>>> print(open('work-v5.cif').read())   # mmCIF, N, CA, C and O atoms and all ligand atoms
data_upload
loop_
_atom_site.label_atom_id
_atom_site.label_comp_id
_atom_site.auth_asym_id
_atom_site.auth_seq_id
_atom_site.Cartn_x
_atom_site.Cartn_y
_atom_site.Cartn_z
N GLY A 1 63.07 123.40 143.34
CA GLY A 1 64.38 123.99 143.19
C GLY A 1 64.33 125.36 142.55
O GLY A 1 63.62 125.57 141.56
N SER A 2 65.09 126.30 143.10
CA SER A 2 65.12 127.66 142.58
C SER A 2 66.21 128.48 143.26
O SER A 2 66.37 128.44 144.48
N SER A 3 66.97 129.22 142.45
CA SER A 3 68.06 130.05 142.98
C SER A 3 68.58 131.00 141.90
O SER A 3 68.22 130.89 140.73
N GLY A 4 69.44 131.93 142.32
CA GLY A 4 70.00 132.88 141.38
C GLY A 4 71.01 133.81 142.03
O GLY A 4 70.77 135.01 142.16
N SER A 5 72.14 133.25 142.45
CA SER A 5 73.19 134.03 143.09
C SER A 5 74.37 134.24 142.15
O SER A 5 74.40 133.70 141.05
N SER A 6 75.34 135.03 142.60
CA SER A 6 76.52 135.31 141.79
C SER A 6 77.80 135.10 142.61
O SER A 6 77.76 135.03 143.83
N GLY A 7 78.93 135.00 141.91
CA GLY A 7 80.20 134.80 142.58
C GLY A 7 81.38 134.98 141.65
O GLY A 7 82.38 135.61 142.02
N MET A 8 81.28 134.43 140.45
CA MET A 8 82.35 134.53 139.47
C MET A 8 83.64 133.93 140.01
O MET A 8 84.72 134.47 139.79
N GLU A 9 83.52 132.81 140.72
CA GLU A 9 84.68 132.14 141.29
C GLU A 9 85.54 131.52 140.20
O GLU A 9 86.68 131.94 139.98
N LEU A 10 85.00 130.52 139.52
CA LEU A 10 85.71 129.84 138.45
C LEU A 10 84.93 129.90 137.14
O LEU A 10 83.77 130.32 137.12
N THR A 11 85.57 129.49 136.05
CA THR A 11 84.94 129.50 134.74
C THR A 11 84.90 128.10 134.14
O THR A 11 85.94 127.55 133.75
N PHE A 12 83.71 127.52 134.06
CA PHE A 12 83.54 126.18 133.50
C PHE A 12 82.45 126.17 132.44
O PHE A 12 81.70 125.20 132.31
N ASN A 13 82.36 127.26 131.67
CA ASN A 13 81.36 127.38 130.62
C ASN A 13 81.83 126.70 129.34
O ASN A 13 81.18 125.79 128.82
N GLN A 14 82.98 127.14 128.83
CA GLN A 14 83.54 126.57 127.61
C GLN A 14 84.84 125.82 127.91
O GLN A 14 85.37 125.90 129.01
N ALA A 15 85.34 125.10 126.91
CA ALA A 15 86.57 124.34 127.06
C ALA A 15 87.79 125.23 126.88
O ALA A 15 87.67 126.41 126.57
N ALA A 16 88.97 124.65 127.09
CA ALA A 16 90.22 125.40 126.95
C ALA A 16 90.23 126.21 125.66
O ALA A 16 89.33 126.08 124.82
N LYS A 17 91.25 127.04 125.50
CA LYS A 17 91.38 127.88 124.31
C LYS A 17 92.02 127.10 123.16
O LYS A 17 91.58 127.19 122.02
N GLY A 18 93.06 126.33 123.48
CA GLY A 18 93.73 125.54 122.47
C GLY A 18 92.79 124.63 121.71
O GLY A 18 92.65 124.73 120.50
N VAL A 19 92.14 123.72 122.44
CA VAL A 19 91.21 122.78 121.83
C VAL A 19 89.99 123.51 121.27
O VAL A 19 88.96 123.61 121.94
N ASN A 20 90.11 124.01 120.05
CA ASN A 20 89.02 124.72 119.40
C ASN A 20 87.85 123.78 119.10
O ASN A 20 88.05 122.67 118.60
N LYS A 21 86.64 124.23 119.42
CA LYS A 21 85.45 123.43 119.19
C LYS A 21 85.10 123.39 117.70
O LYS A 21 85.08 124.43 117.04
N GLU A 22 84.81 122.20 117.19
CA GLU A 22 84.46 122.03 115.79
C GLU A 22 85.62 122.46 114.88
O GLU A 22 85.41 123.14 113.87
N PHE A 23 86.83 122.06 115.25
CA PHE A 23 88.02 122.40 114.48
C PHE A 23 87.77 122.20 112.99
O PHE A 23 87.90 123.13 112.19
N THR A 24 87.42 120.97 112.61
CA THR A 24 87.15 120.65 111.22
C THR A 24 86.48 119.29 111.09
O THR A 24 87.04 118.27 111.50
N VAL A 25 85.28 119.27 110.52
CA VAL A 25 84.53 118.04 110.34
C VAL A 25 85.39 116.97 109.65
O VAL A 25 85.61 115.90 110.20
N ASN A 26 85.86 117.29 108.45
CA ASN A 26 86.69 116.36 107.69
C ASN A 26 87.75 115.72 108.59
O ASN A 26 88.39 116.40 109.39
N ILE A 27 87.92 114.41 108.44
CA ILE A 27 88.90 113.68 109.23
C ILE A 27 90.08 113.23 108.37
O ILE A 27 89.90 112.61 107.33
N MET A 28 91.29 113.55 108.82
CA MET A 28 92.50 113.18 108.10
C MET A 28 93.49 112.47 109.02
O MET A 28 93.96 113.04 110.00
N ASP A 29 93.79 111.22 108.69
CA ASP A 29 94.72 110.42 109.48
C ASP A 29 95.72 109.70 108.58
O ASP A 29 95.60 109.71 107.36
N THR A 30 96.72 109.07 109.20
CA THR A 30 97.74 108.34 108.46
C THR A 30 97.14 107.15 107.72
O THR A 30 96.41 106.34 108.30
N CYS A 31 97.44 107.05 106.43
CA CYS A 31 96.93 105.96 105.61
C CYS A 31 97.13 104.61 106.30
O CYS A 31 97.93 104.50 107.22
N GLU A 32 96.40 103.60 105.84
CA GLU A 32 96.51 102.27 106.41
C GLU A 32 97.06 101.28 105.39
O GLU A 32 97.79 100.35 105.75
N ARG A 33 96.71 101.48 104.13
CA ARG A 33 97.17 100.61 103.05
C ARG A 33 98.69 100.72 102.88
O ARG A 33 99.37 99.71 102.68
N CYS A 34 99.20 101.94 102.95
CA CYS A 34 100.63 102.18 102.79
C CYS A 34 101.27 102.51 104.14
O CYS A 34 102.49 102.55 104.26
N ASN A 35 100.43 102.76 105.14
CA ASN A 35 100.92 103.09 106.47
C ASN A 35 101.72 104.39 106.46
O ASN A 35 102.74 104.52 107.13
N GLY A 36 101.24 105.36 105.68
CA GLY A 36 101.92 106.64 105.59
C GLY A 36 103.22 106.55 104.82
O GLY A 36 104.17 107.27 105.11
N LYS A 37 103.26 105.67 103.82
CA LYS A 37 104.45 105.49 103.00
C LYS A 37 104.26 106.13 101.63
O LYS A 37 105.12 106.88 101.16
N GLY A 38 103.14 105.82 100.99
CA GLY A 38 102.86 106.37 99.67
C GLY A 38 103.12 105.37 98.56
O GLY A 38 103.47 105.75 97.45
N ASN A 39 102.93 104.09 98.87
CA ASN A 39 103.15 103.03 97.88
C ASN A 39 102.32 101.80 98.23
O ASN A 39 101.95 101.59 99.38
N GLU A 40 102.04 100.98 97.22
CA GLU A 40 101.26 99.76 97.41
C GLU A 40 101.99 98.79 98.34
O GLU A 40 103.20 98.60 98.24
N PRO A 41 101.23 98.17 99.25
CA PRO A 41 101.78 97.20 100.21
C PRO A 41 102.23 95.91 99.54
O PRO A 41 102.64 94.96 100.21
N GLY A 42 102.14 95.87 98.21
CA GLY A 42 102.53 94.68 97.47
C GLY A 42 103.40 95.01 96.27
O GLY A 42 103.41 94.28 95.28
N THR A 43 104.14 96.11 96.36
CA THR A 43 105.01 96.54 95.27
C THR A 43 106.39 96.92 95.79
O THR A 43 106.58 97.12 96.99
N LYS A 44 107.35 97.02 94.88
CA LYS A 44 108.72 97.38 95.25
C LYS A 44 108.98 98.86 94.99
O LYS A 44 108.09 99.59 94.56
N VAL A 45 110.21 99.30 95.27
CA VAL A 45 110.58 100.69 95.06
C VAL A 45 111.99 100.80 94.48
O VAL A 45 112.82 99.92 94.68
N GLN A 46 112.24 101.88 93.76
CA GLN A 46 113.54 102.11 93.14
C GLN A 46 114.22 103.34 93.73
O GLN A 46 113.55 104.27 94.19
N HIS A 47 115.55 103.34 93.73
CA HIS A 47 116.32 104.46 94.26
C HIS A 47 116.30 105.64 93.30
O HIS A 47 116.52 105.48 92.10
N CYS A 48 116.05 106.83 93.83
CA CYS A 48 116.01 108.04 93.02
C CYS A 48 117.38 108.70 92.95
O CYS A 48 118.09 108.78 93.95
N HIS A 49 117.75 109.16 91.76
CA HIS A 49 119.04 109.81 91.56
C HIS A 49 118.90 111.33 91.67
O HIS A 49 119.73 111.99 92.29
N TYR A 50 117.85 111.87 91.06
CA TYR A 50 117.61 113.31 91.09
C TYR A 50 118.08 113.91 92.41
O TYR A 50 118.97 114.76 92.44
N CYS A 51 117.47 113.47 93.50
CA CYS A 51 117.81 113.96 94.83
C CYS A 51 118.88 113.08 95.47
O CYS A 51 119.78 113.58 96.15
N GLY A 52 118.77 111.77 95.26
CA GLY A 52 119.73 110.85 95.83
C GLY A 52 119.34 110.38 97.22
O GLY A 52 120.17 109.87 97.96
N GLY A 53 118.07 110.57 97.57
CA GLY A 53 117.60 110.16 98.87
C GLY A 53 117.41 111.33 99.81
O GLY A 53 117.26 111.15 101.02
N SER A 54 117.42 112.54 99.26
CA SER A 54 117.26 113.75 100.06
C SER A 54 115.93 114.43 99.75
O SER A 54 115.48 115.30 100.49
N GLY A 55 115.30 114.03 98.65
CA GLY A 55 114.03 114.60 98.26
C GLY A 55 114.16 116.05 97.84
O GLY A 55 113.19 116.81 97.88
N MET A 56 115.36 116.44 97.42
CA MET A 56 115.61 117.81 96.98
C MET A 56 116.19 117.83 95.57
O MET A 56 117.07 117.05 95.24
N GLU A 57 115.68 118.74 94.75
CA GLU A 57 116.14 118.87 93.37
C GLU A 57 116.71 120.26 93.11
O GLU A 57 116.35 121.23 93.78
N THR A 58 117.61 120.35 92.14
CA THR A 58 118.24 121.62 91.79
C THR A 58 118.08 121.92 90.30
O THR A 58 118.32 121.05 89.46
N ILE A 59 117.69 123.15 89.99
CA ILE A 59 117.51 123.56 88.60
C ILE A 59 118.61 124.53 88.17
O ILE A 59 118.57 125.71 88.49
N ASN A 60 119.59 124.01 87.43
CA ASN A 60 120.70 124.82 86.95
C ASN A 60 120.32 125.54 85.66
O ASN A 60 120.34 124.95 84.58
N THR A 61 119.99 126.83 85.78
CA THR A 61 119.61 127.63 84.62
C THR A 61 120.50 128.86 84.50
O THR A 61 120.38 129.80 85.28
N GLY A 62 121.38 128.86 83.51
CA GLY A 62 122.27 129.98 83.30
C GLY A 62 123.25 130.17 84.44
O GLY A 62 123.62 129.22 85.13
N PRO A 63 123.69 131.42 84.65
CA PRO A 63 124.64 131.75 85.72
C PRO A 63 124.02 131.63 87.11
O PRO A 63 124.68 131.86 88.12
N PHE A 64 122.74 131.26 87.15
CA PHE A 64 122.03 131.11 88.41
C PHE A 64 121.43 129.71 88.53
O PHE A 64 121.45 128.93 87.58
N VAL A 65 120.88 129.41 89.70
CA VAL A 65 120.27 128.11 89.94
C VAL A 65 119.07 128.23 90.89
O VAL A 65 119.05 129.08 91.77
N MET A 66 118.08 127.37 90.69
CA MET A 66 116.88 127.38 91.52
C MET A 66 116.82 126.14 92.41
O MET A 66 117.63 125.22 92.26
N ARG A 67 115.86 126.11 93.32
CA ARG A 67 115.70 124.98 94.23
C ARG A 67 114.23 124.60 94.37
O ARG A 67 113.40 125.42 94.78
N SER A 68 113.91 123.36 94.02
CA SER A 68 112.54 122.87 94.10
C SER A 68 112.51 121.39 94.46
O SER A 68 113.43 120.64 94.14
N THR A 69 111.44 120.98 95.14
CA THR A 69 111.29 119.59 95.55
C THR A 69 111.35 118.65 94.35
O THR A 69 110.71 118.89 93.33
N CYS A 70 112.13 117.58 94.48
CA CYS A 70 112.28 116.61 93.40
C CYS A 70 110.93 116.33 92.73
O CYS A 70 109.88 116.46 93.35
N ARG A 71 110.98 115.96 91.46
CA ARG A 71 109.77 115.67 90.70
C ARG A 71 109.65 114.17 90.42
O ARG A 71 108.55 113.61 90.41
N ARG A 72 110.79 113.53 90.18
CA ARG A 72 110.82 112.10 89.90
C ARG A 72 110.25 111.30 91.07
O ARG A 72 109.43 110.40 90.89
N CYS A 73 110.70 111.63 92.28
CA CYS A 73 110.24 110.95 93.48
C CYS A 73 109.17 111.77 94.20
O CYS A 73 108.18 111.23 94.68
N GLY A 74 109.39 113.08 94.27
CA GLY A 74 108.44 113.95 94.93
C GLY A 74 108.85 114.27 96.36
O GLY A 74 108.00 114.43 97.23
N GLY A 75 110.15 114.37 96.60
CA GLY A 75 110.65 114.67 97.93
C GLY A 75 110.60 113.47 98.85
O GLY A 75 110.32 113.59 100.04
N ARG A 76 110.88 112.29 98.29
CA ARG A 76 110.88 111.06 99.07
C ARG A 76 112.25 110.40 99.06
O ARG A 76 112.69 109.84 100.06
N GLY A 77 112.92 110.46 97.91
CA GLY A 77 114.24 109.87 97.79
C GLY A 77 114.21 108.53 97.08
O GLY A 77 115.19 107.79 97.10
N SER A 78 113.08 108.22 96.46
CA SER A 78 112.92 106.96 95.74
C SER A 78 111.71 107.00 94.82
O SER A 78 110.76 107.75 95.06
N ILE A 79 111.75 106.20 93.76
CA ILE A 79 110.65 106.15 92.80
C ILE A 79 109.70 105.00 93.12
O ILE A 79 110.11 103.84 93.18
N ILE A 80 108.43 105.33 93.31
CA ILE A 80 107.42 104.33 93.62
C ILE A 80 106.77 103.80 92.34
O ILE A 80 105.82 104.39 91.82
N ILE A 81 107.29 102.68 91.85
CA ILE A 81 106.76 102.06 90.63
C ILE A 81 105.23 102.10 90.62
O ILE A 81 104.61 102.31 89.58
N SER A 82 104.63 101.89 91.79
CA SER A 82 103.18 101.90 91.91
C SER A 82 102.74 102.64 93.17
O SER A 82 102.86 102.14 94.29
N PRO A 83 102.23 103.87 92.99
CA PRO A 83 101.77 104.70 94.10
C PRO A 83 100.50 104.16 94.74
O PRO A 83 99.61 103.64 94.06
N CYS A 84 100.40 104.29 96.06
CA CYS A 84 99.24 103.81 96.80
C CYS A 84 97.96 104.03 96.00
O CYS A 84 97.90 104.91 95.14
N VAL A 85 96.94 103.23 96.29
CA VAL A 85 95.66 103.34 95.60
C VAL A 85 94.62 104.01 96.48
O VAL A 85 93.50 104.28 96.04
N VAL A 86 94.99 104.28 97.72
CA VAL A 86 94.08 104.93 98.67
C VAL A 86 94.43 106.40 98.84
O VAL A 86 93.58 107.28 98.69
N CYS A 87 95.69 106.67 99.16
CA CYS A 87 96.16 108.04 99.36
C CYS A 87 96.87 108.56 98.11
O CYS A 87 97.31 109.71 98.06
N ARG A 88 96.99 107.70 97.10
CA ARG A 88 97.65 108.06 95.86
C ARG A 88 99.02 108.68 96.13
O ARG A 88 99.48 109.56 95.40
N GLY A 89 99.68 108.20 97.19
CA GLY A 89 100.99 108.71 97.54
C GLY A 89 100.92 110.03 98.28
O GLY A 89 101.77 110.90 98.10
N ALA A 90 99.89 110.19 99.11
CA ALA A 90 99.71 111.41 99.88
C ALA A 90 100.28 111.26 101.29
O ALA A 90 100.81 112.22 101.86
N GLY A 91 100.17 110.06 101.85
CA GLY A 91 100.67 109.81 103.18
C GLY A 91 99.58 109.83 104.23
O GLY A 91 99.80 109.44 105.38
N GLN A 92 98.39 110.29 103.84
CA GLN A 92 97.26 110.35 104.76
C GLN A 92 95.94 110.19 104.01
O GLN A 92 95.85 110.50 102.82
N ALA A 93 94.93 109.70 104.71
CA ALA A 93 93.61 109.50 104.11
C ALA A 93 92.50 109.71 105.13
O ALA A 93 92.76 110.07 106.28
N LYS A 94 91.26 109.49 104.71
CA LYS A 94 90.11 109.65 105.59
C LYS A 94 89.88 108.40 106.42
O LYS A 94 89.53 107.34 105.89
N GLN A 95 90.06 108.51 107.73
CA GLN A 95 89.87 107.39 108.64
C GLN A 95 88.71 107.64 109.59
O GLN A 95 88.88 108.23 110.66
N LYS A 96 87.52 107.21 109.19
CA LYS A 96 86.32 107.39 110.01
C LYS A 96 86.62 107.08 111.47
O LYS A 96 86.77 105.92 111.86
N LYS A 97 86.69 108.13 112.29
CA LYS A 97 86.96 107.97 113.71
C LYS A 97 85.92 108.72 114.55
O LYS A 97 85.38 109.73 114.11
N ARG A 98 85.66 108.21 115.75
CA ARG A 98 84.69 108.83 116.64
C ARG A 98 85.39 109.64 117.73
O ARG A 98 85.12 110.83 117.91
N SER A 99 86.30 108.99 118.45
CA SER A 99 87.04 109.65 119.53
C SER A 99 88.37 110.18 119.02
O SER A 99 88.63 111.38 119.06
N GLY A 100 89.22 109.28 118.53
CA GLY A 100 90.52 109.68 118.01
C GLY A 100 91.46 110.13 119.11
O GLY A 100 91.72 111.32 119.29
N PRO A 101 91.99 109.16 119.87
CA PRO A 101 92.92 109.43 120.98
C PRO A 101 94.28 109.92 120.48
O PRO A 101 95.12 109.13 120.06
N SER A 102 94.48 111.23 120.54
CA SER A 102 95.74 111.83 120.09
C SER A 102 96.93 111.02 120.59
O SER A 102 97.72 110.50 119.81
N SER A 103 97.06 110.93 121.91
CA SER A 103 98.16 110.19 122.52
C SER A 103 97.92 108.68 122.42
O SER A 103 97.15 108.11 123.19
N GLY A 104 98.60 108.05 121.47
CA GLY A 104 98.45 106.62 121.28
C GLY A 104 98.65 106.20 119.84
O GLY A 104 98.19 106.90 118.94
ZN ZN B 201 114.24 112.27 93.76
ZN ZN B 202 98.23 105.10 101.18
#
>>> encode(input="work-v5.cif", output="structure tokens")
Amino acid sequence: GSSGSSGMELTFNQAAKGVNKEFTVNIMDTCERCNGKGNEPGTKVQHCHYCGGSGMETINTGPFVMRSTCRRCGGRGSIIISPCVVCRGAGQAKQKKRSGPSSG
């Protein structure tokens, strides 16, 4: 076997532009213990007043006011007596995956 012609018909050297190669080694997926909730699967939760279920807090200082994400709940709308032990209330963790089917 031997050859060496040209044509430049199609391009099948690299993959699409969107799907960047080696995006990021580290793997981040939705927690499993809390299922992307941020609390222990064996604990209860309390209603937050600061935001009132909106996850938004307001800082009234003088003739002006500021706006920052609730601190008591953390922009959730409720107080987690016991925050997850895997994601520590992050909503995502490291899920060792090989393929990782986006759609599904
Ligand atoms: Zn709150
Ligand atoms: Zn978790």
>>> residues_around(input="work-v5.cif", residues="residue A:67", least_positions_apart="2", cutoff="8 Å", atoms="only N, CA, C and O atoms", output="ChimeraX atom specification")
/A:56-60,65,69-70
>>> write_last_selection(input="work-v5.cif", atoms="N, CA, C and O atoms", output="mmCIF file, keeping the file's coordinate frame")
data_model
loop_
_atom_site.group_PDB
_atom_site.id
_atom_site.type_symbol
_atom_site.label_atom_id
_atom_site.label_comp_id
_atom_site.auth_asym_id
_atom_site.auth_seq_id
_atom_site.Cartn_x
_atom_site.Cartn_y
_atom_site.Cartn_z
ATOM 1 N N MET A 56 115.360 116.440 97.420
ATOM 2 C CA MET A 56 115.610 117.810 96.980
ATOM 3 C C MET A 56 116.190 117.830 95.570
ATOM 4 O O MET A 56 117.070 117.050 95.240
ATOM 5 N N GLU A 57 115.680 118.740 94.750
ATOM 6 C CA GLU A 57 116.140 118.870 93.370
ATOM 7 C C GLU A 57 116.710 120.260 93.110
ATOM 8 O O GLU A 57 116.350 121.230 93.780
ATOM 9 N N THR A 58 117.610 120.350 92.140
ATOM 10 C CA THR A 58 118.240 121.620 91.790
ATOM 11 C C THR A 58 118.080 121.920 90.300
ATOM 12 O O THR A 58 118.320 121.050 89.460
ATOM 13 N N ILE A 59 117.690 123.150 89.990
ATOM 14 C CA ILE A 59 117.510 123.560 88.600
ATOM 15 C C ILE A 59 118.610 124.530 88.170
ATOM 16 O O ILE A 59 118.570 125.710 88.490
ATOM 17 N N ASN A 60 119.590 124.010 87.430
ATOM 18 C CA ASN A 60 120.700 124.820 86.950
ATOM 19 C C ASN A 60 120.320 125.540 85.660
ATOM 20 O O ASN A 60 120.340 124.950 84.580
ATOM 21 N N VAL A 65 120.880 129.410 89.700
ATOM 22 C CA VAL A 65 120.270 128.110 89.940
ATOM 23 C C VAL A 65 119.070 128.230 90.890
ATOM 24 O O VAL A 65 119.050 129.080 91.770
ATOM 25 N N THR A 69 111.440 120.980 95.140
ATOM 26 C CA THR A 69 111.290 119.590 95.550
ATOM 27 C C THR A 69 111.350 118.650 94.350
ATOM 28 O O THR A 69 110.710 118.890 93.330
ATOM 29 N N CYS A 70 112.130 117.580 94.480
ATOM 30 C CA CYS A 70 112.280 116.610 93.400
ATOM 31 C C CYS A 70 110.930 116.330 92.730
ATOM 32 O O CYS A 70 109.880 116.460 93.350
#
>>> atom_distance(input="work-v5.cif", atom1="atom C of residue A:79", atom2="atom C of residue A:94")
24.1 Å
>>> residues_around(input="work-v5.cif", residues="stretch 29-39 of chain A", least_positions_apart="4", cutoff="4.5 Å", atoms="only N, CA, C and O atoms", output="list in words")
residues 82, 83, 84, 89, 91, 92 and 93 of chain A
>>> closest_atom_pairs(input="work-v5.cif", of="chain A", to="ligand ZN 201 (chain B)", cutoff="7 Å", atoms="all atoms listed in the file", output="Markdown table")
| residue | atom | partner | partner_atom | distance |
| --- | --- | --- | --- | --- |
| A:47 | C | B:ZN201 | ZN | 7.0 |
| A:48 | CA | B:ZN201 | ZN | 4.6 |
| A:49 | N | B:ZN201 | ZN | 5.1 |
| A:50 | C | B:ZN201 | ZN | 4.4 |
| A:51 | N | B:ZN201 | ZN | 3.5 |
| A:52 | N | B:ZN201 | ZN | 4.8 |
| A:53 | N | B:ZN201 | ZN | 5.7 |
| A:54 | N | B:ZN201 | ZN | 6.4 |
| A:55 | CA | B:ZN201 | ZN | 5.1 |
| A:56 | N | B:ZN201 | ZN | 5.7 |
| A:57 | N | B:ZN201 | ZN | 6.7 |
| A:70 | CA | B:ZN201 | ZN | 4.8 |
| A:71 | N | B:ZN201 | ZN | 5.4 |
| A:72 | C | B:ZN201 | ZN | 4.9 |
| A:73 | N | B:ZN201 | ZN | 3.9 |
| A:74 | N | B:ZN201 | ZN | 4.9 |
| A:75 | N | B:ZN201 | ZN | 5.4 |
| A:76 | N | B:ZN201 | ZN | 5.6 |
| A:77 | CA | B:ZN201 | ZN | 4.7 |
| A:78 | N | B:ZN201 | ZN | 5.0 |
| A:79 | N | B:ZN201 | ZN | 6.6 |
>>> residues_near_point(input="work-v5.cif", point="(87.0, 113.8, 110.9)", cutoff="8 Å", atoms="all atoms listed in the file", output="list in words")
residues 24, 25, 26, 27, 28, 29, 94, 95, 96, 97 and 98 of chain A
>>> atom_distance(input="work-v5.cif", atom1="atom CA of residue A:81", atom2="atom C of residue A:43")
7.3 Å
>>> closest_residue(input="work-v5.cif", among="A:90, A:19, A:46, A:4", to="ligand ZN 202 (chain B)", atoms="all atoms listed in the file")
A:90
>>> decode(input="work-v5.cif", residues="stretch 18-69 of chain A", atoms="C-alpha atoms", output="PDB file, in the first residue's frame")
ATOM      1  CA  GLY A  18     -18.134  23.204  20.644  1.00  0.00           C
ATOM      2  CA  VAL A  19     -17.039  19.899  22.156  1.00  0.00           C
ATOM      3  CA  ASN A  20     -13.613  21.051  23.341  1.00  0.00           C
ATOM      4  CA  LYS A  21     -11.104  18.225  23.764  1.00  0.00           C
ATOM      5  CA  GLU A  22      -9.903  17.687  27.334  1.00  0.00           C
ATOM      6  CA  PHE A  23     -12.369  20.257  28.670  1.00  0.00           C
ATOM      7  CA  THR A  24     -11.471  19.453  32.278  1.00  0.00           C
ATOM      8  CA  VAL A  25     -10.160  16.295  33.942  1.00  0.00           C
ATOM      9  CA  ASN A  26     -11.965  16.943  37.227  1.00  0.00           C
ATOM     10  CA  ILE A  27     -15.482  15.497  37.162  1.00  0.00           C
ATOM     11  CA  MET A  28     -18.418  17.353  38.711  1.00  0.00           C
ATOM     12  CA  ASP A  29     -21.933  15.901  38.822  1.00  0.00           C
ATOM     13  CA  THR A  30     -25.116  16.160  40.887  1.00  0.00           C
ATOM     14  CA  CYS A  31     -24.662  14.762  44.395  1.00  0.00           C
ATOM     15  CA  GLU A  32     -26.183  11.366  45.185  1.00  0.00           C
ATOM     16  CA  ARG A  33     -26.512  11.471  48.973  1.00  0.00           C
ATOM     17  CA  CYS A  34     -28.657  14.611  48.851  1.00  0.00           C
ATOM     18  CA  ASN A  35     -29.574  14.315  45.171  1.00  0.00           C
ATOM     19  CA  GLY A  36     -28.578  17.924  44.562  1.00  0.00           C
ATOM     20  CA  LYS A  37     -30.481  19.164  47.604  1.00  0.00           C
ATOM     21  CA  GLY A  38     -27.777  20.081  50.101  1.00  0.00           C
ATOM     22  CA  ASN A  39     -28.985  18.163  53.147  1.00  0.00           C
ATOM     23  CA  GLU A  40     -28.706  14.740  54.783  1.00  0.00           C
ATOM     24  CA  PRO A  41     -31.106  12.106  53.386  1.00  0.00           C
ATOM     25  CA  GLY A  42     -32.066  11.376  56.981  1.00  0.00           C
ATOM     26  CA  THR A  43     -32.698  14.838  58.404  1.00  0.00           C
ATOM     27  CA  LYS A  44     -35.457  17.456  58.397  1.00  0.00           C
ATOM     28  CA  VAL A  45     -35.506  21.109  57.337  1.00  0.00           C
ATOM     29  CA  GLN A  46     -36.822  24.392  58.735  1.00  0.00           C
ATOM     30  CA  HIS A  47     -38.450  27.347  56.979  1.00  0.00           C
ATOM     31  CA  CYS A  48     -36.228  30.408  56.565  1.00  0.00           C
ATOM     32  CA  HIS A  49     -37.576  33.864  57.406  1.00  0.00           C
ATOM     33  CA  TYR A  50     -34.677  36.028  56.232  1.00  0.00           C
ATOM     34  CA  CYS A  51     -35.644  35.463  52.598  1.00  0.00           C
ATOM     35  CA  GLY A  52     -38.949  33.693  53.175  1.00  0.00           C
ATOM     36  CA  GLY A  53     -38.330  31.061  50.527  1.00  0.00           C
ATOM     37  CA  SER A  54     -36.789  33.344  47.915  1.00  0.00           C
ATOM     38  CA  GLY A  55     -33.153  32.894  48.892  1.00  0.00           C
ATOM     39  CA  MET A  56     -32.692  36.662  48.835  1.00  0.00           C
ATOM     40  CA  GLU A  57     -31.615  38.920  51.701  1.00  0.00           C
ATOM     41  CA  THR A  58     -31.706  42.696  52.153  1.00  0.00           C
ATOM     42  CA  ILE A  59     -29.299  44.862  54.144  1.00  0.00           C
ATOM     43  CA  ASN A  60     -30.955  48.053  55.384  1.00  0.00           C
ATOM     44  CA  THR A  61     -28.110  50.438  56.213  1.00  0.00           C
ATOM     45  CA  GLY A  62     -28.926  54.115  56.650  1.00  0.00           C
ATOM     46  CA  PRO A  63     -30.843  55.987  53.928  1.00  0.00           C
ATOM     47  CA  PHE A  64     -29.711  53.255  51.536  1.00  0.00           C
ATOM     48  CA  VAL A  65     -29.996  49.471  51.264  1.00  0.00           C
ATOM     49  CA  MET A  66     -27.917  46.620  49.846  1.00  0.00           C
ATOM     50  CA  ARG A  67     -28.771  43.248  48.307  1.00  0.00           C
ATOM     51  CA  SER A  68     -26.994  39.963  49.032  1.00  0.00           C
ATOM     52  CA  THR A  69     -27.821  36.251  48.999  1.00  0.00           C
TER      53      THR A  69
END
